[PDB]
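Below is one structure, written out as structure tokens, with a few remarks after it.
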Amino acid sequence: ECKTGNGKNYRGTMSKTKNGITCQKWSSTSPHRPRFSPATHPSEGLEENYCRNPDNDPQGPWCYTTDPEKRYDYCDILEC
Ligand SMILES: NC[C@H]1CC[C@H](C(=O)O)CC1
């Protein structure tokens, strides 16, 4: 999928950050207990471990990481 703007409305399936590290799911609490999740941001498309922009950060989609000593990181979504 592609992103346009900040990718507020991005609903692709990228699952690794721009460093290629594997996301964590939005519905897991390991390795990280998330502040953003499907519970809380029901309208945010927080599916699977996919990159999303819940907070509309000018830096584009990110996800929680399966690196325990690294809480999140941004994903590299090509523009739209
Ligand atoms: N600026 C995106 C960023 C927002 C807070 C966050 C957290 O919930 O801990 C990590 C990612």
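Side-chain atoms are counted along with the backbone in the values below, which use heavy atoms only and exclude waters and symmetry mates. Read the numbers this way: they start at 1 and go in the same order the structure lists the ligands and their atoms. Residue numbers start at 1 and run along the sequence shown.
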Which pairs of donor and acceptor atoms, one on a side chain in residues 34-50, lie under 3.5 Å apart (sequence neighbours left out)?
from  : atom 1 : to    : atom 2 : distance (Å)
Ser37 : OG     : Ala39 : N      : 3.0
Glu44 : OE1    : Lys8  : NZ     : 3.2
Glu47 : OE2    : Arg52 : NH2    : 3.3

Could you check whether any side-chain N or O of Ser28 sits under 3.5 Å from a backbone N or O of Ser30, counting only pairs where one atom can act as donor and the other as acceptor? yes

Please write down residue, atom name and distance for the protein heavy atom closest to atom 5 (C) of ligand 1. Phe36 CE1, 4.2 Å

Is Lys16 reaching over with its side chain to a backbone N or O of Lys18, donor-acceptor style, under 3.5 angstrom? no

Answer yes or no: is the gap between the SG atoms of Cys51 and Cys63 smaller than 2.5 Å? no

Going by distance only, is there an N or O of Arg71 that falls short of 3.5 Å from an N or O of ligand 1? yes

Quick check on contacts: which atoms of ligand 1 are under 4.0 angstrom from a heavy atom of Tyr72? 10 (C), 11 (C)

May I ask you to list the atoms of ligand 1 that are less than 4.0 angstrom from any heavy atom of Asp57? 1 (N), 2 (C)

Can you tell me if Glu79 uses its side chain to pair, donor with acceptor, with the backbone of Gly5 under 3.5 Å? yes

Ligand 1 contact on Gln59 by region, counting heavy-atom pairs under 4.0 Å: neither

Quick test of your reading of the structure: of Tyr64, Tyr74, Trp62, whose heavy atom lies closest to atom 7 (C) of ligand 1? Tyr64

Compute whether any side-chain donor of one residue and acceptor of the other, for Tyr74 and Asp57, lie under 3.5 angstrom apart. yes

Nearest non-hydrogen protein atom to atom 2 (C) of ligand 1, with distance, is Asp55 OD2, 2.7 Å

